[PDB]
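# What the coordinates show
Now for the letters of each chain:
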Amino acid sequence: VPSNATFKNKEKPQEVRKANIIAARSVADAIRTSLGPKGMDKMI
Amino acid sequence: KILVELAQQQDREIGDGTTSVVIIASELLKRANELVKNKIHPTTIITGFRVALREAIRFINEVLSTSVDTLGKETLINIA
Ligand SMILES: [Mg+2]
């Protein structure tokens, strides 16, 4: 059950995908406050 | 820059009142700063100012005075 089959290598892509999701959800949080009739305008 | 462009605007339409339009607009935002601390959403704050404005414009038209007044003009001299 252990020690057999295969072992995962180069686990950085697992962290790269996490860094891409966290950075994308951070952008979606600022625009989330503008959703619906109760949303607010964003001055840039 | 909004009140800067608002003071420059007031000259275009009416030509007078650049002093009163800035003080009123600054006070509407000043008292609304405590209204958002109540958690009241701006749409409720904006609607409260607009519904009160619709009744305010109608009230001004009810309290206006005609230019007739007395026999002589006695208006344009006092207007200036
Ligand atoms: Mg004046």
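Residues numbered from 1 in each chain as written, not as in the entry; some residues may be left out. Chains lettered and ligands numbered in written order. Part of a larger assembly, values for the part shown. Heavy atoms only, no water.

This entry lists cryo-EM as its structure determination method and reports a resolution of 2.99 Å.

### As for the overall build of chain A
The secondary structure content of chain A amounts to one helix and zero strands. Considering only C-alpha atoms, chain A reaches an extent of 55 × 20 × 10 Å along its principal axes. Evaluated residue by residue, chain A yields a buried proportion of 0% over its 44 residues. Per element, the accessible surface of chain A, about 4900 Å² overall, is 61% carbon and sulfur. Positive and negative side-chain charges in chain A, numbering 9 and 4 respectively, have mean positions lying 5 Å apart. (Helix = DSSP H or I, 4+ residues; strand = E, 2+ residues; numbered from the N terminus. Buried < 20%, exposed > 50% of the residue type's maximum accessible area, 1.4 Å probe, protein only. Areas by Shrake-Rupley, 256 points an atom, 1.4 Å probe, with all protein chains shown as cover. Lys, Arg positive; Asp, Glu negative; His and termini not counted. Charge placed at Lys NZ, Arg CZ, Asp CG, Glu CD.)

### Thoughts on the overall build of chain B
Secondary structure summary: chain B contains four helices and zero strands in total. For chain B, the succession of helices and strands along the chain, N to C, is α-α-α-α. The C-alpha atoms of chain B give 18 Å as radius of gyration, which overshoots the globular expectation for 80 residues (12 Å, by more than 25%). With respect to the principal axes defined by its C-alpha atoms, chain B has extents near 55 × 30 × 15 Å. As displayed, chain B has an accessible area near 7300 Å², and 62% of this comes from carbon and sulfur atoms. Positive and negative charge centroids in chain B, built from 10 and 10 side chains respectively, lie 11 Å apart. (Rg over C-alpha atoms; globule rule 2.2 N^0.38 Å.)

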